[PDB]
Amino acid sequence: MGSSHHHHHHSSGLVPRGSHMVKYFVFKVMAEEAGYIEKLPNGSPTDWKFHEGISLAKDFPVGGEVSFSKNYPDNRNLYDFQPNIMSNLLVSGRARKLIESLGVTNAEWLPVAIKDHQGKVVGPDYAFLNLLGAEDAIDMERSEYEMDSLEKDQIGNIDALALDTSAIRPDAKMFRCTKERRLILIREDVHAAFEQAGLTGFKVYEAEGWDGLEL
């Protein structure tokens with residue numbers, strides 16, 4: 001202890017305050033033992049290129065098999081949402097249907113058979129979710145963030161994050177931010193539907209004014 005009081009918030013998560021009713025969150029899956037996809041499966045385009053300006057329907061195998069490479073010895077099978085270090089999201093069939101029931105535009109589903117860490121197919125109706133309509137959007141002038149955790153497009157420290165709806169159409173309920181692979185922003189509605197659905201696990205960070213939390 002010895003930094004005085006640095007003027008910052010701990011984010012807000014507030015609907016009633018003044019500005020916005022719909023709050024924006026960074027979508028993360030709170031699943032560690034589920035195992036992140038550490039290393040890219042067969043047929044996968046580069047880490048950052050997964051949702052970089054394009055759809056993967058032409059680049060990622062449709063109806064193929066993919067698997068978790070054992071970079072890490074432990075970790076279990078798949079959950080509803082499967083986290084990873086790349087710019088792609090894996091979603092279960094039931095969770096897929098949730099997102100579709102909200103009418104989330106700019107979403108594309110690439111279904112494959114996913115084998116977990118043990119090399120067994122436990123994701124038969126799972127589809128990788130692509131966010132389209134992405135164009136360089138992240139405010140980098142008002143957003144206090146330190147880049148390069150692994151590569152240039154990996155943000156480590158974030159003190160402030162301003163919405164990238166400046167270049168991406170703000171009507172999108174779910175989209176992905178350009179200068180970061182894992183940064184997928186969702187609206188309040190999106191996770192609210194997941195809360196009531198009773199899905200495996202989610203981790204939300206505030207997109208608006210994201211203070212000190214690590215995606």
# chains A, B, ... in the order shown; residues from 1 in each chain; ligands from 1
$ select_by_dssp --residues "chain A" --states "strand (DSSP E)" --output "VMD selection string"
chain A and resid 24 to 28 65 to 67 81 to 82 89 to 91 107 to 111 113 to 115 121 to 123 127 to 131 145 to 147 155 to 158 174 to 176 184 to 187 203 to 206
$ closest_atom_pairs --of "segment 78-157 of chain A" --to "segment 182-185 of chain A" --cutoff "8 Å" --atoms "only C-alpha atoms" --output "JSON lines"
{"residue": "A:84", "atom": "CA", "partner": "A:182", "partner_atom": "CA", "distance": 7.6}
{"residue": "A:85", "atom": "CA", "partner": "A:182", "partner_atom": "CA", "distance": 6.4}
{"residue": "A:86", "atom": "CA", "partner": "A:182", "partner_atom": "CA", "distance": 6.0}
{"residue": "A:87", "atom": "CA", "partner": "A:182", "partner_atom": "CA", "distance": 5.0}
{"residue": "A:88", "atom": "CA", "partner": "A:182", "partner_atom": "CA", "distance": 7.4}
{"residue": "A:154", "atom": "CA", "partner": "A:182", "partner_atom": "CA", "distance": 8.0}
$ write_last_selection --atoms "C-alpha atoms" --output "PDB file, in the first residue's frame"
ATOM      1  CA  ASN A  84      -9.350 -19.754 -26.451  1.00  0.00           C
ATOM      2  CA  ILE A  85      -6.505 -17.406 -27.062  1.00  0.00           C
ATOM      3  CA  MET A  86      -7.469 -16.730 -30.679  1.00  0.00           C
ATOM      4  CA  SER A  87     -10.104 -14.558 -32.314  1.00  0.00           C
ATOM      5  CA  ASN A  88     -12.694 -17.330 -32.641  1.00  0.00           C
ATOM      6  CA  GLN A 154      -3.021  -9.040 -27.784  1.00  0.00           C
TER       7      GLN A 154
END
$ residues_around --residues "segment 138-140 of chain A" --least-positions-apart "4" --cutoff "12 Å" --atoms "only C-alpha atoms" --output "PyMOL selection string"
chain A and resi 134+144-147+153+155+158+160-168+175-180+183-185+207-208
$ write_last_selection --atoms "N, CA, C and O atoms" --output "mmCIF file, in the first residue's frame"
data_model
loop_
_atom_site.group_PDB
_atom_site.id
_atom_site.type_symbol
_atom_site.label_atom_id
_atom_site.label_comp_id
_atom_site.auth_asym_id
_atom_site.auth_seq_id
_atom_site.Cartn_x
_atom_site.Cartn_y
_atom_site.Cartn_z
ATOM 1 N N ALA A 134 -16.765 -6.608 -39.148
ATOM 2 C CA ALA A 134 -15.670 -6.077 -38.426
ATOM 3 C C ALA A 134 -14.785 -5.320 -39.377
ATOM 4 O O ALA A 134 -14.426 -5.816 -40.459
ATOM 5 N N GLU A 144 -7.145 3.587 -22.689
ATOM 6 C CA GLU A 144 -5.908 3.313 -22.008
ATOM 7 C C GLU A 144 -5.680 1.809 -21.960
ATOM 8 O O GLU A 144 -6.315 1.112 -21.163
ATOM 9 N N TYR A 145 -4.845 1.313 -22.832
ATOM 10 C CA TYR A 145 -4.502 -0.084 -22.844
ATOM 11 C C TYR A 145 -3.087 -0.313 -23.325
ATOM 12 O O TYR A 145 -2.575 0.416 -24.184
ATOM 13 N N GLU A 146 -2.462 -1.302 -22.760
ATOM 14 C CA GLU A 146 -1.130 -1.679 -23.118
ATOM 15 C C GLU A 146 -1.204 -2.885 -24.016
ATOM 16 O O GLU A 146 -1.871 -3.880 -23.692
ATOM 17 N N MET A 147 -0.560 -2.804 -25.136
ATOM 18 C CA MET A 147 -0.621 -3.864 -26.103
ATOM 19 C C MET A 147 0.614 -4.731 -26.040
ATOM 20 O O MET A 147 1.652 -4.301 -25.534
ATOM 21 N N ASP A 153 -1.511 -7.801 -31.480
ATOM 22 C CA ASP A 153 -2.987 -7.827 -31.358
ATOM 23 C C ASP A 153 -3.460 -8.520 -30.088
ATOM 24 O O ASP A 153 -4.561 -9.081 -30.042
ATOM 25 N N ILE A 155 -3.922 -7.520 -26.196
ATOM 26 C CA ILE A 155 -3.956 -6.504 -25.179
ATOM 27 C C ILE A 155 -3.801 -7.142 -23.800
ATOM 28 O O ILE A 155 -4.475 -8.152 -23.484
ATOM 29 N N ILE A 158 -5.574 -3.117 -19.356
ATOM 30 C CA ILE A 158 -6.591 -2.196 -19.814
ATOM 31 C C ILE A 158 -7.008 -1.347 -18.627
ATOM 32 O O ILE A 158 -7.353 -1.885 -17.585
ATOM 33 N N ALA A 160 -8.843 1.686 -19.462
ATOM 34 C CA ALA A 160 -10.043 2.257 -20.015
ATOM 35 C C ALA A 160 -10.252 1.723 -21.403
ATOM 36 O O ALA A 160 -9.305 1.619 -22.172
ATOM 37 N N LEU A 161 -11.460 1.375 -21.715
ATOM 38 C CA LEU A 161 -11.795 0.871 -23.018
ATOM 39 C C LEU A 161 -13.004 1.641 -23.491
ATOM 40 O O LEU A 161 -14.009 1.741 -22.766
ATOM 41 N N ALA A 162 -12.874 2.257 -24.632
ATOM 42 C CA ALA A 162 -13.950 2.981 -25.243
ATOM 43 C C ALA A 162 -14.514 2.136 -26.359
ATOM 44 O O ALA A 162 -13.754 1.443 -27.038
ATOM 45 N N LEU A 163 -15.826 2.187 -26.537
ATOM 46 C CA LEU A 163 -16.513 1.371 -27.537
ATOM 47 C C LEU A 163 -16.029 1.636 -28.949
ATOM 48 O O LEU A 163 -15.809 2.788 -29.360
ATOM 49 N N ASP A 164 -15.908 0.572 -29.683
ATOM 50 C CA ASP A 164 -15.446 0.572 -31.049
ATOM 51 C C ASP A 164 -16.615 0.624 -32.022
ATOM 52 O O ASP A 164 -16.466 0.470 -33.235
ATOM 53 N N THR A 165 -17.771 0.979 -31.490
ATOM 54 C CA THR A 165 -18.979 1.179 -32.264
ATOM 55 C C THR A 165 -18.845 2.415 -33.189
ATOM 56 O O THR A 165 -19.743 2.744 -33.943
ATOM 57 N N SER A 166 -17.734 3.122 -33.042
ATOM 58 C CA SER A 166 -17.367 4.229 -33.888
ATOM 59 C C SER A 166 -17.196 3.763 -35.356
ATOM 60 O O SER A 166 -17.562 4.478 -36.283
ATOM 61 N N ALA A 167 -16.633 2.565 -35.567
ATOM 62 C CA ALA A 167 -16.501 2.067 -36.935
ATOM 63 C C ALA A 167 -17.381 0.866 -37.182
ATOM 64 O O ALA A 167 -17.846 0.661 -38.294
ATOM 65 N N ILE A 168 -17.622 0.079 -36.158
ATOM 66 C CA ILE A 168 -18.522 -1.041 -36.288
ATOM 67 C C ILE A 168 -19.933 -0.544 -36.046
ATOM 68 O O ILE A 168 -20.129 0.324 -35.212
ATOM 69 N N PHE A 175 -20.240 -8.382 -31.510
ATOM 70 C CA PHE A 175 -19.237 -8.125 -32.534
ATOM 71 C C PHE A 175 -17.857 -8.339 -31.938
ATOM 72 O O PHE A 175 -17.754 -8.652 -30.754
ATOM 73 N N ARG A 176 -16.805 -8.183 -32.719
ATOM 74 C CA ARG A 176 -15.469 -8.395 -32.199
ATOM 75 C C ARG A 176 -14.627 -7.179 -32.536
ATOM 76 O O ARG A 176 -14.758 -6.618 -33.630
ATOM 77 N N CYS A 177 -13.776 -6.807 -31.631
ATOM 78 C CA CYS A 177 -12.954 -5.637 -31.776
ATOM 79 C C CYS A 177 -11.682 -5.999 -32.537
ATOM 80 O O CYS A 177 -11.107 -7.040 -32.308
ATOM 81 N N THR A 178 -11.251 -5.123 -33.412
ATOM 82 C CA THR A 178 -10.208 -5.413 -34.389
ATOM 83 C C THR A 178 -8.761 -5.630 -33.889
ATOM 84 O O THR A 178 -8.106 -6.585 -34.315
ATOM 85 N N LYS A 179 -8.275 -4.801 -32.991
ATOM 86 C CA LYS A 179 -6.852 -4.873 -32.582
ATOM 87 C C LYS A 179 -6.630 -5.837 -31.397
ATOM 88 O O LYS A 179 -5.641 -5.736 -30.678
ATOM 89 N N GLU A 180 -7.535 -6.776 -31.240
ATOM 90 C CA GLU A 180 -7.474 -7.778 -30.193
ATOM 91 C C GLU A 180 -8.248 -8.989 -30.656
ATOM 92 O O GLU A 180 -9.319 -8.865 -31.228
ATOM 93 N N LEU A 183 -11.256 -10.087 -27.903
ATOM 94 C CA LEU A 183 -12.186 -9.049 -27.513
ATOM 95 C C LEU A 183 -13.444 -9.106 -28.351
ATOM 96 O O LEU A 183 -13.471 -8.691 -29.516
ATOM 97 N N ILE A 184 -14.452 -9.680 -27.762
ATOM 98 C CA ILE A 184 -15.757 -9.791 -28.335
ATOM 99 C C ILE A 184 -16.693 -9.030 -27.425
ATOM 100 O O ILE A 184 -16.723 -9.288 -26.220
ATOM 101 N N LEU A 185 -17.411 -8.085 -27.959
ATOM 102 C CA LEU A 185 -18.303 -7.303 -27.147
ATOM 103 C C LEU A 185 -19.725 -7.735 -27.362
ATOM 104 O O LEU A 185 -20.157 -7.969 -28.503
ATOM 105 N N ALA A 207 -17.219 -3.529 -20.992
ATOM 106 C CA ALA A 207 -16.598 -3.051 -22.192
ATOM 107 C C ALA A 207 -16.417 -1.562 -22.079
ATOM 108 O O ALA A 207 -15.401 -1.008 -22.452
ATOM 109 N N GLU A 208 -17.396 -0.944 -21.499
ATOM 110 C CA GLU A 208 -17.404 0.461 -21.281
ATOM 111 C C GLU A 208 -16.613 0.771 -20.014
ATOM 112 O O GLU A 208 -17.074 0.479 -18.915
#
$ closest_residue --among "A:34, A:199, A:127, A:193" --to "residue 102 of chain A" --atoms "only C-alpha atoms"
A:193
$ atom_distance --atom1 "atom CA of residue 119 of chain A" --atom2 "atom CA of residue 51 of chain A"
25.7 Å
$ residues_around --residues "segment 129-131 of chain A" --least-positions-apart "5" --cutoff "12 Å" --atoms "only C-alpha atoms" --output "PyMOL selection string"
chain A and resi 49-57+59-60+81-83+86-93+95-97+99-100+104-112+168+172-178+181-186
$ closest_residue --among "A:188, A:65, A:47, A:38" --to "residue 115 of chain A" --atoms "only C-alpha atoms"
A:65
$ atom_distance --atom1 "atom CA of residue 196 of chain A" --atom2 "atom CA of residue 28 of chain A"
17.3 Å
$ closest_residue --among "A:80, A:189, A:74, A:214" --to "residue 118 of chain A" --atoms "only C-alpha atoms"
A:74
